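To begin, one chain is listed below as C-alpha cells, in the form deposited in one PDB entry.
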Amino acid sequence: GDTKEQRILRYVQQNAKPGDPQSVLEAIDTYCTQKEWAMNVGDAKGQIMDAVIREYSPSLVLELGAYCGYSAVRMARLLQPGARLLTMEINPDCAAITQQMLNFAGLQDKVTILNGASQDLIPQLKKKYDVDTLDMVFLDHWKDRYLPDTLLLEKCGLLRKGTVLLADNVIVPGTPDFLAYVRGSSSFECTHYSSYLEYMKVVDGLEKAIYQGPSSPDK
C-alpha cells in the first residue's frame, strides 16, 4: 500500500500554505497525530530544537536522518539568511520526499540534502563539501550510529569547542551508550530535556552535548 512518506507529503500539499514553514510543520503533526504515528509527531521535540537554534544561532548545522523533512523545515525556518543545513539521508526515497517538502516550504536554498550513509558522508565533509567545523549537529538517525558517528565527527576534526550536539530519542527506544559517553566525557557538557511521546504515553528525551575541544593528547 501507500507509504507513510508519500501520504505525509500529500497531506502537506493539500492542506498547508506554500512558503509558510509553520503551516507545513503543523500539517505534518496534525496528520501524524490522526494516524497515531507516535514517532512522527514532532511538536514536543520541536520546542526543544527551536530553543537550541534560538540560543546558539548556528551558521552551519548537520542533521543525521531527514525522513520527510519535518526537522529540516523546523530548523531551517529559524536559520538566518545565508546559513546552511546539511542533512544526511541514506534512503533516496526519503531524500526525494524531503526535497519536495523543502520546496513547498520555500526553504530549499538553505538546505543541502546529502544522499548516503552518515558513516560514508561524514569523512567527505572536509574536502568534498568544504566544511571547516559544524556549529550544531542534530542526531536523529539509526540509534546504534549515534555514538560511532560522534566519534567519527571528532576524529575527522569536524567539531570545535562550542559545537552543539542535540540528539533525539535518547530514551525511547534509547541511545544509552551515547549518553554514557557524552555524560562521562570531559569533552562534553550535557543537558537533558524531556519530550513526550503520545499513545505510548512515555517521556522520551533529547540530550544537548556541547563539545569542549579534545581531551589532552596525554594521560
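Take the two forms, find the largest set of C-alpha atoms that superpose within 1.5 Å, and that set is the rigid core. Residues carry their position along the shown sequence, with the first being 1. Shifts are known only where both forms have a C-alpha.
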> Higher mean Cα B-factor in the deposited model: 37 to 45 or 62 to 70?
Replying inline: 37 to 45
>> Which is higher on mean Cα B factor in this entry, 18 to 26 or 207 to 215?
In response: 207 to 215
> Can you tell me which of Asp135, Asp140, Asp149, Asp120 has the highest Cα temperature factor in the record?
Replying inline: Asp120
> Among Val131, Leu107, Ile97, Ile113, where is the Cα temperature factor highest, going by the PDB entry?
Replying inline: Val131
> Of the three thirds of its chain by CA temperature factor, lowest, middle or highest, which one includes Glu154?
Replying inline: middle
> Mind checking which third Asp50 falls in for C-alpha B-factor across the chain?
Replying inline: lowest
> Lowest, middle or highest third: where is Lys127 by Cα B-factor in its chain?
Replying inline: highest
> Of the three thirds of its chain by CA temperature factor, lowest, middle or highest, which one includes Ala76?
Replying inline: middle
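We do not show the form deposited in another entry, though everything after this point is about it.
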> In a fit on the core, which one among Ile53, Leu158, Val41, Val164 has a Cα that moves 2 Å or more between the shown form and the other one?
Replying inline: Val41
>> So that I can tell if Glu198 moves, could you say whether its C-alpha shifts by at least 2 Å between the shown form and the other one after the core superposition?
In response: yes
>> Tell me which consecutive stretches, at least 3 residues long, show Cα shifts of 2 angstroms or more between the shown form and the other one after the core superposition.
In response: 38 to 41, 197 to 201
